[PDB]
2 protein chains.
Amino acid sequence: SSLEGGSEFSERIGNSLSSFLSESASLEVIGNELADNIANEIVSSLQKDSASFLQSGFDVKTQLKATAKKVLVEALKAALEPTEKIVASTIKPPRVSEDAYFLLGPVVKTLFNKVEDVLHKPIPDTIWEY
Amino acid sequence: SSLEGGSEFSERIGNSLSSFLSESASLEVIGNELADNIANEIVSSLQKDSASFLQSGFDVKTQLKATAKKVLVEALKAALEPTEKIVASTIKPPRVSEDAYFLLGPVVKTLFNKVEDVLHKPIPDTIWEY
Ligand code: NA
Ligand code: NA
C-alpha cells in the first residue's frame, strides 16, 4: 500500500496552501483543490494497489473521487460544532471572569460564525450562552 | 453520491473530538480514529453510491480504506509547514501589536509543536520571528 507518486503528491499539497501567500487565493478555493488532490490521489493509489480496481469501470473511479471529496467536506462540517463546544467550554466562566466573558464570548462566537458561513454549516449561537 | 449514514458519520466525528476533554484522550489516538472514520466512511459511501463497487468484494474495499487513510496522513504532513507559514504570516506584527505577539506567538508555536511531535515532522521554530 504505497501511494502513486507520493513525493509529487506532497508537493501539490504545499502548493495549494502556499498559493494563499504567493497569490491572493481564497481560503475556499484552496479547500476545494486540497480535496481534489486527496480524492484524486486516493484513486491513483488504489489503481496502483488493486489490480482488481484498475480492472474496473472508469465510472467507479470518478464516483470514488466524488464520494471521497464529499466525505472530506462533510467531515470538516461535522467537526465544527464539537470544536465550538470545546472552545466554548474552555473560555466559559469560571475559566474566565464572567465580566471578561461578556466581552470575549461574542468575539469567538463571531469568529466561528464566519467559519459557519464559509463552510455552510450554521450552528446555534446558544453554545456560547452560559 | 450520498453518504452512508451521514447523520451517524457526523456523530462519530464529534465523539472523537469530544473525547479530547472527557477521558483526557491522547491526540495521536483522536487523530487516528478520525482518519479511520473518514477512510471507513469513504468505503461505506461507495458501496452505497456504486452498484459495481458493492459487488467488487472484500479484497478491494479494505485496500481502499488503507489507501484512503494513508493518503490522509501524508496530506496532513505535507500541509503542516505551509500551514504554519500561513498562520505565522497572519499573526506576526504589524498584523498584531508586537507586545500582543509577545504573549500570542509562543502560545501558537507550542500549539503547533504539539502537532509536530505527534506526526514526526519537526519544523524550525525560526518561523516565528521578532
Ligand atoms: Na453560530
Ligand atoms: Na517547531
# chains A, B, ... in the order shown; residues from 1 in each chain; ligands from 1

$ residues_near_ligand --ligand "ligand 2" --cutoff "12 Å" --atoms "only C-alpha atoms and all ligand atoms" --output "CSV table (one decimal) with N, CA and C atoms, in the first residue's frame"
chain,number,residue,atom,x,y,z
B,80,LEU,N,1.6,20.7,6.9
B,80,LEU,CA,1.9,21.3,8.2
B,80,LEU,C,2.8,22.5,8.1
B,81,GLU,N,3.9,22.4,7.4
B,81,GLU,CA,4.8,23.6,7.2
B,81,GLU,C,4.1,24.7,6.5
B,84,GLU,N,1.7,26.4,9.0
B,84,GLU,CA,2.4,27.2,10.0
B,84,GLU,C,2.9,28.5,9.4
B,85,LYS,N,3.5,28.5,8.2
B,85,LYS,CA,3.9,29.7,7.5
B,85,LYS,C,2.8,30.6,7.3
B,88,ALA,N,1.7,32.0,10.9
B,88,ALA,CA,2.7,33.0,11.3
B,88,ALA,C,2.6,34.3,10.6
B,106,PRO,N,4.4,32.7,21.3
B,106,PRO,CA,4.8,31.5,21.9
B,106,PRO,C,3.7,30.5,22.2
B,107,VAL,N,2.4,31.0,22.3
B,107,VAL,CA,1.3,30.0,22.5
B,107,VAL,C,1.1,29.2,21.3
B,108,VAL,N,1.1,29.8,20.1
B,108,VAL,CA,0.8,29.1,18.9
B,108,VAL,C,2.0,28.3,18.4
B,109,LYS,N,3.2,28.7,18.7
B,109,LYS,CA,4.4,27.9,18.4
B,109,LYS,C,4.3,26.6,19.2
B,110,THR,N,4.0,26.7,20.5
B,110,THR,CA,3.8,25.5,21.3
B,110,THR,C,2.7,24.7,20.8
B,111,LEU,N,1.5,25.4,20.5
B,111,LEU,CA,0.4,24.7,19.9
B,111,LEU,C,0.7,23.9,18.7
B,112,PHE,N,1.4,24.5,17.7
B,112,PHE,CA,1.8,23.7,16.5
B,112,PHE,C,2.9,22.7,16.8
B,113,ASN,N,3.8,23.0,17.8
B,113,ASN,CA,4.8,22.0,18.2
B,113,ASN,C,4.2,20.7,18.7
B,114,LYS,N,3.1,20.8,19.4
B,114,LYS,CA,2.4,19.5,19.8
B,114,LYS,C,2.1,18.7,18.5
B,115,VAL,N,1.6,19.3,17.5
B,115,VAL,CA,1.3,18.6,16.2
B,115,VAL,C,2.6,18.1,15.6
B,116,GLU,N,3.7,18.9,15.6
B,116,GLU,CA,5.0,18.5,15.0
B,116,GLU,C,5.4,17.2,15.6
B,117,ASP,N,5.3,17.1,17.0
B,117,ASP,CA,5.8,15.9,17.6
B,117,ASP,C,5.0,14.6,17.3
B,118,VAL,N,3.7,14.7,17.3
B,118,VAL,CA,2.9,13.6,17.0
B,118,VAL,C,3.1,13.0,15.7
B,119,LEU,N,3.3,13.8,14.6
B,119,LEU,CA,3.4,13.3,13.3
B,119,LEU,C,4.9,13.1,12.9
B,120,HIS,N,5.8,13.3,13.8
B,120,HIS,CA,7.2,13.1,13.5
B,120,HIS,C,7.7,13.9,12.3
B,121,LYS,N,7.2,15.2,12.3
B,121,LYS,CA,7.6,16.2,11.3
B,121,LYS,C,8.0,17.4,12.1
B,122,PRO,N,9.3,17.5,12.5
B,122,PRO,CA,9.7,18.7,13.2
B,122,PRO,C,10.0,19.8,12.2
B,123,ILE,N,9.7,21.1,12.7
B,123,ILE,CA,9.9,22.3,11.8
B,123,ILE,C,10.6,23.3,12.7
B,124,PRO,N,11.6,24.0,12.1
B,124,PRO,CA,12.3,25.1,12.9
B,124,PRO,C,11.3,26.1,13.5
B,125,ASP,N,11.5,26.4,14.8
B,125,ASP,CA,10.8,27.4,15.5
B,125,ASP,C,11.2,28.8,14.9
B,126,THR,N,12.1,28.9,14.0
B,126,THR,CA,12.5,30.2,13.4
B,126,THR,C,11.4,30.8,12.7
B,127,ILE,N,10.4,30.1,12.3
B,127,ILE,CA,9.3,30.7,11.5
B,127,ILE,C,8.6,31.8,12.3
B,128,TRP,N,8.6,31.7,13.6
B,128,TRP,CA,8.0,32.7,14.5
B,128,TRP,C,9.2,33.6,14.9

$ residues_around --residues "residue 67 of chain B" --least-positions-apart "5" --cutoff "12 Å" --atoms "only C-alpha atoms" --output "ChimeraX atom specification"
/A:1-4,6,38-50,68 /B:35-36,38-40,42-43,60-62,72-75

$ closest_atom_pairs --of "chain B" --to "chain A" --cutoff "6 Å" --atoms "only C-alpha atoms" --output "CSV"
residue,atom,partner,partner_atom,distance
B:10,CA,A:78,CA,4.9
B:14,CA,A:82,CA,5.3
B:42,CA,A:68,CA,5.5
B:68,CA,A:42,CA,5.7
B:78,CA,A:10,CA,5.1
B:79,CA,A:14,CA,5.8
B:82,CA,A:18,CA,5.8

$ residues_around --residues "residue 100 of chain B" --least-positions-apart "6" --cutoff "10 Å" --atoms "only C-alpha atoms" --output "ChimeraX atom specification"
/B:91-93

$ write_last_selection --atoms "N, CA, C and O atoms" --output "PDB file, in the first residue's frame"
ATOM      1  N   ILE B  91      -0.462  36.405  11.978  1.00  0.00           N
ATOM      2  CA  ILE B  91      -0.448  36.947  13.333  1.00  0.00           C
ATOM      3  C   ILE B  91       0.842  37.693  13.662  1.00  0.00           C
ATOM      4  O   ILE B  91       0.969  38.231  14.771  1.00  0.00           O
ATOM      5  N   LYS B  92       1.798  37.737  12.751  1.00  0.00           N
ATOM      6  CA  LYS B  92       3.031  38.459  13.031  1.00  0.00           C
ATOM      7  C   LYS B  92       2.805  39.964  12.900  1.00  0.00           C
ATOM      8  O   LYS B  92       2.087  40.404  11.998  1.00  0.00           O
ATOM      9  N   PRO B  93       3.410  40.773  13.770  1.00  0.00           N
ATOM     10  CA  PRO B  93       3.312  42.227  13.621  1.00  0.00           C
ATOM     11  C   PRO B  93       3.732  42.649  12.227  1.00  0.00           C
ATOM     12  O   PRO B  93       4.618  42.023  11.628  1.00  0.00           O
TER      13      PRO B  93
END

$ calpha_fit_and_write --fixed "chain B" --moving "chain A" --output "compact mmCIF listing (two decimals) with N, CA and C atoms, in the first residue's frame"
# COMPACT_ATOMS: atom_id res chain seq x y z
N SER A 1 -25.54 9.19 -5.28
CA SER A 1 -24.41 9.23 -4.37
C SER A 1 -24.84 9.60 -2.94
N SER A 2 -25.58 8.70 -2.30
CA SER A 2 -25.94 8.83 -0.90
C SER A 2 -25.10 7.88 -0.06
N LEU A 3 -24.84 8.28 1.18
CA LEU A 3 -23.99 7.50 2.06
C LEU A 3 -24.76 6.31 2.63
N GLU A 4 -24.02 5.27 2.99
CA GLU A 4 -24.59 4.09 3.64
C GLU A 4 -24.69 4.38 5.13
N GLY A 5 -25.92 4.51 5.62
CA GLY A 5 -26.13 4.87 7.01
C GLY A 5 -25.50 6.21 7.32
N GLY A 6 -25.92 7.26 6.60
CA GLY A 6 -25.37 8.58 6.86
C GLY A 6 -25.73 9.11 8.24
N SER A 7 -26.98 8.92 8.66
CA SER A 7 -27.39 9.39 9.98
C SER A 7 -26.57 8.73 11.08
N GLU A 8 -26.25 7.45 10.91
CA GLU A 8 -25.45 6.73 11.90
C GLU A 8 -23.97 7.07 11.79
N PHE A 9 -23.50 7.46 10.60
CA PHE A 9 -22.11 7.91 10.46
C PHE A 9 -21.89 9.22 11.20
N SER A 10 -22.85 10.14 11.11
CA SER A 10 -22.74 11.41 11.82
C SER A 10 -22.65 11.19 13.33
N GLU A 11 -23.38 10.20 13.86
CA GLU A 11 -23.31 9.92 15.29
C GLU A 11 -21.93 9.42 15.69
N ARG A 12 -21.33 8.53 14.89
CA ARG A 12 -20.01 8.00 15.21
C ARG A 12 -18.97 9.10 15.29
N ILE A 13 -19.09 10.13 14.45
CA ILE A 13 -18.17 11.26 14.53
C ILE A 13 -18.33 11.98 15.86
N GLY A 14 -19.56 12.38 16.18
CA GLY A 14 -19.80 13.02 17.46
C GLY A 14 -19.20 12.24 18.61
N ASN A 15 -19.44 10.93 18.64
CA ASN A 15 -18.96 10.11 19.75
C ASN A 15 -17.44 10.12 19.83
N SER A 16 -16.76 9.93 18.70
CA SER A 16 -15.30 9.97 18.70
C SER A 16 -14.78 11.24 19.37
N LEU A 17 -15.39 12.38 19.04
CA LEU A 17 -14.97 13.66 19.61
C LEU A 17 -15.53 13.84 21.01
N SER A 18 -16.80 13.49 21.21
CA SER A 18 -17.40 13.64 22.53
C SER A 18 -16.61 12.88 23.59
N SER A 19 -15.93 11.80 23.21
CA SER A 19 -15.20 11.00 24.19
C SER A 19 -13.96 11.71 24.72
N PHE A 20 -13.62 12.89 24.19
CA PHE A 20 -12.54 13.66 24.78
C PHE A 20 -12.95 14.20 26.14
N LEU A 21 -14.19 14.67 26.26
CA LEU A 21 -14.68 15.13 27.55
C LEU A 21 -15.25 13.97 28.36
N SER A 22 -16.16 13.18 27.77
CA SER A 22 -16.86 12.15 28.53
C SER A 22 -15.90 11.10 29.07
N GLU A 23 -14.78 10.88 28.39
CA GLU A 23 -13.69 10.06 28.88
C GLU A 23 -12.40 10.83 28.65
N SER A 24 -11.35 10.46 29.37
CA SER A 24 -10.05 11.07 29.10
C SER A 24 -9.44 10.32 27.94
N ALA A 25 -9.55 10.90 26.75
CA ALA A 25 -9.23 10.22 25.50
C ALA A 25 -8.20 11.04 24.75
N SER A 26 -7.04 10.44 24.50
CA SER A 26 -5.95 11.17 23.87
C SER A 26 -6.42 11.80 22.56
N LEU A 27 -6.05 13.06 22.37
CA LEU A 27 -6.23 13.74 21.10
C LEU A 27 -5.79 12.84 19.95
N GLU A 28 -4.71 12.10 20.15
CA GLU A 28 -4.14 11.26 19.11
C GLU A 28 -4.97 10.00 18.88
N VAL A 29 -5.64 9.50 19.91
CA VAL A 29 -6.55 8.37 19.72
C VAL A 29 -7.74 8.80 18.88
N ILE A 30 -8.28 9.99 19.16
CA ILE A 30 -9.46 10.45 18.45
C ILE A 30 -9.13 10.71 16.99
N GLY A 31 -7.99 11.34 16.72
CA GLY A 31 -7.58 11.53 15.34
C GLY A 31 -7.61 10.23 14.56
N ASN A 32 -7.18 9.14 15.19
CA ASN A 32 -7.08 7.87 14.49
C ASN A 32 -8.45 7.27 14.22
N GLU A 33 -9.37 7.34 15.19
CA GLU A 33 -10.68 6.74 14.97
C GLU A 33 -11.59 7.63 14.14
N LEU A 34 -11.26 8.91 14.01
CA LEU A 34 -11.95 9.74 13.03
C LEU A 34 -11.58 9.31 11.62
N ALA A 35 -10.28 9.13 11.36
CA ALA A 35 -9.85 8.68 10.05
C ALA A 35 -10.40 7.30 9.73
N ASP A 36 -10.47 6.42 10.74
CA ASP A 36 -11.10 5.12 10.56
C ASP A 36 -12.56 5.27 10.14
N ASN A 37 -13.31 6.12 10.85
CA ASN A 37 -14.69 6.40 10.48
C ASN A 37 -14.79 6.87 9.04
N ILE A 38 -14.02 7.91 8.69
CA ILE A 38 -14.10 8.49 7.36
C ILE A 38 -13.70 7.45 6.31
N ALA A 39 -12.54 6.82 6.50
CA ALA A 39 -12.08 5.83 5.54
C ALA A 39 -13.08 4.69 5.41
N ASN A 40 -13.57 4.17 6.54
CA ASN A 40 -14.58 3.11 6.52
C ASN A 40 -15.82 3.55 5.76
N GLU A 41 -16.34 4.73 6.09
CA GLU A 41 -17.57 5.20 5.45
C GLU A 41 -17.40 5.33 3.94
N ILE A 42 -16.21 5.72 3.48
CA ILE A 42 -15.98 5.84 2.05
C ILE A 42 -16.14 4.48 1.38
N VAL A 43 -15.63 3.42 2.01
CA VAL A 43 -15.77 2.09 1.42
C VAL A 43 -17.22 1.62 1.50
N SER A 44 -17.87 1.84 2.64
CA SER A 44 -19.28 1.47 2.77
C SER A 44 -20.09 2.12 1.66
N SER A 45 -19.95 3.44 1.53
CA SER A 45 -20.78 4.20 0.60
C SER A 45 -20.45 3.87 -0.85
N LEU A 46 -19.21 3.52 -1.15
CA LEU A 46 -18.87 3.17 -2.52
C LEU A 46 -19.46 1.82 -2.91
N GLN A 47 -19.44 0.86 -1.99
CA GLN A 47 -20.15 -0.40 -2.23
C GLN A 47 -21.61 -0.13 -2.56
N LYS A 48 -22.22 0.82 -1.86
CA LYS A 48 -23.62 1.15 -2.11
C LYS A 48 -23.80 1.78 -3.48
N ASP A 49 -22.91 2.71 -3.86
CA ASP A 49 -23.13 3.50 -5.07
C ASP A 49 -22.63 2.82 -6.34
N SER A 50 -21.62 1.94 -6.24
CA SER A 50 -21.08 1.23 -7.40
C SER A 50 -21.40 -0.25 -7.29
N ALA A 51 -22.25 -0.74 -8.19
CA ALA A 51 -22.36 -2.18 -8.37
C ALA A 51 -21.01 -2.78 -8.73
N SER A 52 -20.22 -2.06 -9.52
CA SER A 52 -18.95 -2.59 -9.99
C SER A 52 -17.93 -2.67 -8.87
N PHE A 53 -17.93 -1.68 -7.96
CA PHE A 53 -16.99 -1.74 -6.85
C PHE A 53 -17.36 -2.86 -5.90
N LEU A 54 -18.65 -3.00 -5.60
CA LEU A 54 -19.10 -4.13 -4.80
C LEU A 54 -18.67 -5.45 -5.42
N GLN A 55 -18.63 -5.52 -6.75
CA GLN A 55 -18.29 -6.75 -7.45
C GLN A 55 -16.86 -7.21 -7.18
N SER A 56 -16.01 -6.34 -6.64
CA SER A 56 -14.57 -6.53 -6.71
C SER A 56 -13.95 -6.84 -5.35
N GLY A 57 -13.03 -7.79 -5.35
CA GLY A 57 -11.78 -7.67 -4.62
C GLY A 57 -11.80 -7.10 -3.22
N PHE A 58 -12.33 -7.82 -2.24
CA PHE A 58 -12.21 -7.34 -0.86
C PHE A 58 -10.80 -6.84 -0.56
N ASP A 59 -9.79 -7.34 -1.28
CA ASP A 59 -8.45 -6.75 -1.21
C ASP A 59 -8.49 -5.27 -1.58
N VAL A 60 -9.19 -4.94 -2.67
CA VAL A 60 -9.27 -3.55 -3.10
C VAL A 60 -9.89 -2.68 -2.01
N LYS A 61 -10.85 -3.24 -1.26
CA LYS A 61 -11.60 -2.44 -0.31
C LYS A 61 -10.77 -2.13 0.93
N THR A 62 -9.99 -3.10 1.40
CA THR A 62 -9.06 -2.81 2.49
C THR A 62 -8.01 -1.80 2.05
N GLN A 63 -7.58 -1.87 0.79
CA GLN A 63 -6.61 -0.91 0.27
C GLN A 63 -7.20 0.49 0.18
N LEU A 64 -8.42 0.60 -0.36
CA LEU A 64 -9.11 1.89 -0.34
C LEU A 64 -9.12 2.47 1.07
N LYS A 65 -9.52 1.66 2.06
CA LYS A 65 -9.51 2.11 3.45
C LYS A 65 -8.13 2.60 3.86
N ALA A 66 -7.10 1.78 3.63
CA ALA A 66 -5.75 2.15 4.01
C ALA A 66 -5.29 3.41 3.30
N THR A 67 -5.59 3.51 2.00
CA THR A 67 -5.19 4.69 1.23
C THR A 67 -5.91 5.93 1.74
N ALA A 68 -7.24 5.88 1.82
CA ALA A 68 -7.98 7.05 2.27
C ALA A 68 -7.50 7.52 3.64
N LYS A 69 -7.23 6.58 4.54
CA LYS A 69 -6.76 6.97 5.86
C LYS A 69 -5.39 7.63 5.76
N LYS A 70 -4.48 7.03 5.00
CA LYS A 70 -3.17 7.63 4.78
C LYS A 70 -3.30 9.04 4.20
N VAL A 71 -4.22 9.23 3.26
CA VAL A 71 -4.38 10.55 2.65
C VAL A 71 -4.79 11.57 3.69
N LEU A 72 -5.81 11.24 4.50
CA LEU A 72 -6.26 12.15 5.55
C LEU A 72 -5.10 12.58 6.43
N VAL A 73 -4.29 11.61 6.86
CA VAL A 73 -3.13 11.91 7.69
C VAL A 73 -2.21 12.87 6.97
N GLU A 74 -1.81 12.52 5.75
CA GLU A 74 -0.86 13.35 5.02
C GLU A 74 -1.44 14.71 4.69
N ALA A 75 -2.76 14.79 4.48
CA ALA A 75 -3.40 16.09 4.26
C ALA A 75 -3.25 16.99 5.47
N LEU A 76 -3.51 16.45 6.67
CA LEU A 76 -3.40 17.26 7.87
C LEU A 76 -1.97 17.75 8.09
N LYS A 77 -0.98 16.87 7.88
CA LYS A 77 0.42 17.27 7.99
C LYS A 77 0.77 18.36 6.98
N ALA A 78 0.25 18.24 5.75
CA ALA A 78 0.55 19.23 4.72
C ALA A 78 -0.02 20.59 5.08
N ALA A 79 -1.09 20.61 5.88
CA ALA A 79 -1.73 21.86 6.27
C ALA A 79 -0.99 22.61 7.36
N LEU A 80 -0.05 21.96 8.05
CA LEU A 80 0.52 22.56 9.25
C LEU A 80 1.42 23.74 8.91
N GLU A 81 2.41 23.55 8.03
CA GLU A 81 3.31 24.65 7.70
C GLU A 81 2.59 25.85 7.09
N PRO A 82 1.76 25.70 6.05
CA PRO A 82 1.01 26.86 5.56
C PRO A 82 0.19 27.54 6.65
N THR A 83 -0.35 26.77 7.59
CA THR A 83 -1.07 27.35 8.72
C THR A 83 -0.14 28.22 9.56
N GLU A 84 1.00 27.66 9.98
CA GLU A 84 1.99 28.44 10.71
C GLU A 84 2.37 29.70 9.93
N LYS A 85 2.65 29.55 8.64
CA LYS A 85 2.93 30.73 7.82
C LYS A 85 1.83 31.77 7.94
N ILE A 86 0.57 31.33 7.93
CA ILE A 86 -0.55 32.27 8.06
C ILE A 86 -0.53 32.92 9.44
N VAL A 87 -0.46 32.10 10.49
CA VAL A 87 -0.43 32.64 11.84
C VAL A 87 0.73 33.61 11.99
N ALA A 88 1.94 33.16 11.68
CA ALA A 88 3.11 34.01 11.82
C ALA A 88 2.93 35.31 11.05
N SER A 89 2.29 35.25 9.89
CA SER A 89 2.05 36.46 9.12
C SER A 89 1.10 37.40 9.86
N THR A 90 0.21 36.86 10.69
CA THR A 90 -0.78 37.69 11.37
C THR A 90 -0.22 38.36 12.62
N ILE A 91 0.73 37.72 13.31
CA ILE A 91 1.23 38.24 14.57
C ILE A 91 2.60 38.91 14.42
N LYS A 92 3.20 38.88 13.24
CA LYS A 92 4.52 39.47 13.08
C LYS A 92 4.42 40.99 12.94
N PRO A 93 5.40 41.73 13.47
CA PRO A 93 5.36 43.18 13.34
C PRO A 93 5.26 43.58 11.89
N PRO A 94 4.64 44.74 11.59
CA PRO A 94 4.08 45.78 12.47
C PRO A 94 2.75 45.43 13.12
N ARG A 95 2.10 44.35 12.66
CA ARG A 95 0.81 43.98 13.22
C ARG A 95 0.84 43.93 14.74
N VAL A 96 2.02 43.67 15.31
CA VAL A 96 2.21 43.66 16.75
C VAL A 96 3.50 44.42 17.06
N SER A 97 3.50 45.14 18.18
CA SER A 97 4.71 45.81 18.64
C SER A 97 5.87 44.82 18.66
N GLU A 98 6.99 45.19 18.04
CA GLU A 98 8.10 44.23 17.95
C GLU A 98 8.60 43.82 19.33
N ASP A 99 8.54 44.71 20.32
CA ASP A 99 8.75 44.26 21.70
C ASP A 99 7.68 43.27 22.12
N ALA A 100 6.44 43.50 21.70
CA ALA A 100 5.36 42.57 22.03
C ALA A 100 5.55 41.23 21.34
N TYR A 101 6.12 41.22 20.13
CA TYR A 101 6.36 39.96 19.45
C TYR A 101 7.50 39.18 20.11
N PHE A 102 8.48 39.89 20.67
CA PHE A 102 9.53 39.23 21.44
C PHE A 102 8.93 38.28 22.46
N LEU A 103 7.80 38.67 23.06
CA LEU A 103 7.10 37.80 24.00
C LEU A 103 6.16 36.85 23.28
N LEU A 104 5.33 37.37 22.38
CA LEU A 104 4.24 36.58 21.81
C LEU A 104 4.75 35.46 20.91
N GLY A 105 5.71 35.76 20.03
CA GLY A 105 6.16 34.82 19.04
C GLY A 105 6.55 33.47 19.61
N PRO A 106 7.48 33.46 20.57
CA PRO A 106 7.89 32.17 21.16
C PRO A 106 6.73 31.39 21.74
N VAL A 107 5.68 32.07 22.20
CA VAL A 107 4.51 31.38 22.74
C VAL A 107 3.82 30.59 21.65
N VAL A 108 3.63 31.21 20.48
CA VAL A 108 2.96 30.55 19.37
C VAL A 108 3.87 29.51 18.74
N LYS A 109 5.14 29.88 18.51
CA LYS A 109 6.11 28.90 18.03
C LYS A 109 6.07 27.65 18.90
N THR A 110 6.11 27.83 20.22
CA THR A 110 6.00 26.71 21.14
C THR A 110 4.69 25.97 20.96
N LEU A 111 3.58 26.71 20.92
CA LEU A 111 2.27 26.10 20.74
C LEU A 111 2.25 25.20 19.51
N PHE A 112 2.78 25.70 18.38
CA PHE A 112 2.77 24.92 17.15
C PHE A 112 3.84 23.84 17.16
N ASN A 113 4.93 24.04 17.89
CA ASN A 113 5.92 22.98 18.03
C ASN A 113 5.34 21.75 18.72
N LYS A 114 4.32 21.95 19.56
CA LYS A 114 3.60 20.81 20.12
C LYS A 114 2.82 20.08 19.03
N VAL A 115 2.13 20.83 18.17
CA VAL A 115 1.41 20.21 17.06
C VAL A 115 2.38 19.52 16.12
N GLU A 116 3.52 20.16 15.83
CA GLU A 116 4.53 19.55 14.97
C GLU A 116 4.96 18.19 15.49
N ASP A 117 5.06 18.04 16.81
CA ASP A 117 5.51 16.78 17.38
C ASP A 117 4.38 15.75 17.47
N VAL A 118 3.17 16.20 17.79
CA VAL A 118 2.04 15.28 17.83
C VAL A 118 1.77 14.71 16.44
N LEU A 119 1.83 15.55 15.40
CA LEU A 119 1.60 15.12 14.03
C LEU A 119 2.86 14.63 13.33
N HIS A 120 4.01 14.65 14.01
CA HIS A 120 5.24 14.10 13.45
C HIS A 120 5.59 14.76 12.12
N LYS A 121 5.40 16.07 12.04
CA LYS A 121 5.85 16.88 10.91
C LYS A 121 6.63 18.06 11.48
N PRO A 122 7.90 17.86 11.82
CA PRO A 122 8.69 18.98 12.33
C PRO A 122 8.91 20.00 11.23
N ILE A 123 8.82 21.27 11.61
CA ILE A 123 8.91 22.38 10.66
C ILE A 123 9.92 23.38 11.21
N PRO A 124 10.74 24.01 10.36
CA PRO A 124 11.72 24.97 10.87
C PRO A 124 11.08 26.00 11.80
N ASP A 125 11.80 26.34 12.86
CA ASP A 125 11.39 27.45 13.72
C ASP A 125 11.73 28.81 13.12
N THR A 126 12.26 28.84 11.90
CA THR A 126 12.62 30.11 11.27
C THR A 126 11.40 30.88 10.78
N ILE A 127 10.25 30.21 10.62
CA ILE A 127 9.05 30.89 10.14
C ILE A 127 8.75 32.10 11.01
N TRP A 128 9.11 32.03 12.29
CA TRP A 128 8.80 33.06 13.27
C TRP A 128 9.95 34.04 13.50
N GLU A 129 10.98 34.03 12.65
CA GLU A 129 12.20 34.76 12.96
C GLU A 129 11.99 36.27 12.93
N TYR A 130 11.34 36.77 11.88
CA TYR A 130 11.15 38.22 11.72
C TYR A 130 12.49 38.91 11.43

$ select_by_dssp --residues "segment 4-56 of chain B" --states "alpha helix (DSSP H)" --output "PyMOL selection string"
chain B and resi 6-18+27-49+51-56

$ decode --residues "segment 107-118 of chain A" --atoms "N, CA, C and O atoms" --output "compact mmCIF listing (two decimals), in the first residue's frame"
# COMPACT_ATOMS: atom_id res chain seq x y z
N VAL A 107 -16.80 37.71 20.71
CA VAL A 107 -15.69 37.75 19.76
C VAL A 107 -15.48 36.39 19.13
O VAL A 107 -15.29 36.27 17.91
N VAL A 108 -15.49 35.34 19.95
CA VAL A 108 -15.28 33.99 19.45
C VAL A 108 -16.52 33.50 18.71
O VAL A 108 -16.42 32.93 17.62
N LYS A 109 -17.71 33.72 19.29
CA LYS A 109 -18.94 33.41 18.58
C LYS A 109 -18.92 34.00 17.18
O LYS A 109 -19.21 33.32 16.19
N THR A 110 -18.57 35.29 17.09
CA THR A 110 -18.44 35.94 15.79
C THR A 110 -17.39 35.25 14.93
O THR A 110 -17.63 34.96 13.75
N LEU A 111 -16.21 35.01 15.49
CA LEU A 111 -15.14 34.34 14.76
C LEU A 111 -15.63 33.03 14.15
O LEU A 111 -15.37 32.74 12.98
N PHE A 112 -16.33 32.22 14.94
CA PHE A 112 -16.81 30.93 14.45
C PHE A 112 -18.02 31.08 13.55
O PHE A 112 -18.24 30.24 12.68
N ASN A 113 -18.82 32.13 13.74
CA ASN A 113 -19.93 32.39 12.82
C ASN A 113 -19.43 32.66 11.41
O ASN A 113 -20.15 32.42 10.44
N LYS A 114 -18.20 33.18 11.28
CA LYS A 114 -17.60 33.30 9.96
C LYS A 114 -17.30 31.93 9.37
O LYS A 114 -17.59 31.67 8.20
N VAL A 115 -16.73 31.04 10.18
CA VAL A 115 -16.47 29.68 9.72
C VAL A 115 -17.78 28.97 9.38
O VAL A 115 -17.87 28.27 8.38
N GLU A 116 -18.80 29.14 10.23
CA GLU A 116 -20.10 28.53 9.96
C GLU A 116 -20.64 28.93 8.59
O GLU A 116 -21.28 28.13 7.91
N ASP A 117 -20.40 30.18 8.18
CA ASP A 117 -20.93 30.65 6.91
C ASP A 117 -20.04 30.23 5.74
O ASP A 117 -20.55 29.89 4.66
N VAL A 118 -18.72 30.24 5.93
CA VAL A 118 -17.82 29.78 4.87
C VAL A 118 -18.05 28.30 4.58
O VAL A 118 -18.09 27.89 3.42
